[PDB]
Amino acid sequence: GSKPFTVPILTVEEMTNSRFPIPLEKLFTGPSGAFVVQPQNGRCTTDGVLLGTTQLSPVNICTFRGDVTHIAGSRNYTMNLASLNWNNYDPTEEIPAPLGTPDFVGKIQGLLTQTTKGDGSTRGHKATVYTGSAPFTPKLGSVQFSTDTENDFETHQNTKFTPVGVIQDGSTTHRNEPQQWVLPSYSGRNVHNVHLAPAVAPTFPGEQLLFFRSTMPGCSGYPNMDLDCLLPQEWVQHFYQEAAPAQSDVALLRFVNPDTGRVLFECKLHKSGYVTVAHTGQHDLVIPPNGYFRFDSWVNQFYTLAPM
């Protein structure tokens, strides 16, 4: 008597990254035993429980909202954060940081925009947030932006950061940042993170994570633009709505090619919300544009997949 489980029939390129507001481009697998994989956006169980900093909107990912104060002698502004819905932010909620906060160390560039309530006057400036910086303390309710202005923003008016891409310091080793697998210190460098979605890894010999990969826009320097999420944003929204009970630890998915009627590969969708495949090595999967994932049966962690 369990509600039947399903995944969307959208193709990979019809879906959105859950860790930055950009389309998915491809599937990728590679080894990850040497480091901790613990993203906080795009985290959702198959029965629809959102985890980490995950929220439902594709366009809120890596945004910030609040009001700003200028730092004298610079073009930097401190943003005192509001909640996702523009209310007072509560640092005691059982989350790592405000919902949608970036979950990687990087220099994220976009625009800071603001509207003055009284007259509807507006202003917008290019801005960058360094999520590895000392003033990056979103859990405590504040972050800092570097901008292209020293005077134009007003205090005590609603201000939004819309992310666009990432930057790197061209005087240093190319592609050395962002570091997509390094979590920010959400409460600053001396405080440990809390309420995290758990780290993930394959347990089965010969398996690797299967990542849903995009390329972030680059805005300066020589950034590492790869961005891998564990679940498309549309899968997060789907599971949240369906809330179908997990009948075992692992849902077996087949990736099907409608142009031949044949299965390309099978994979495990773990109930805690990540996918594994039987492959060793780094590999950009080559998939048909109409290929789709299809749930076939409940298995468990002991199931041996056919090699990808």
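Numbering starts at 1 and runs along the sequence shown.
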Comparing mean C-alpha B factor in the record for 155 to 163 and 77 to 85, the higher one is 77 to 85
Between 92 to 100 and 166 to 174, point out the one with the higher average CA B-factor as the PDB entry records it.
166 to 174
I'd like to know which of 33, 273, 66, 48 has the highest C-alpha temperature factor in the PDB entry.
33
Checking the entry, which one of 214, 144, 149, 131 has the top C-alpha B factor?
149
Looking at the C-alpha B-factor of residue 29, is it in the lowest, middle or highest third of its chain?
middle
Taking the values exactly as deposited, rank residue 192 by C-alpha B-factor within its chain and report the matching third: lowest, middle or highest.
middle
If you rank the chain by CA B-factor, which third does residue 20 end up in: lowest, middle or highest?
lowest
Residue 107 CA temperature factor, ranked by third within the chain:
lowest
For the chain shown, is the CA B-factor of residue 237 in the lowest, middle or highest third of its modelled residues?
lowest
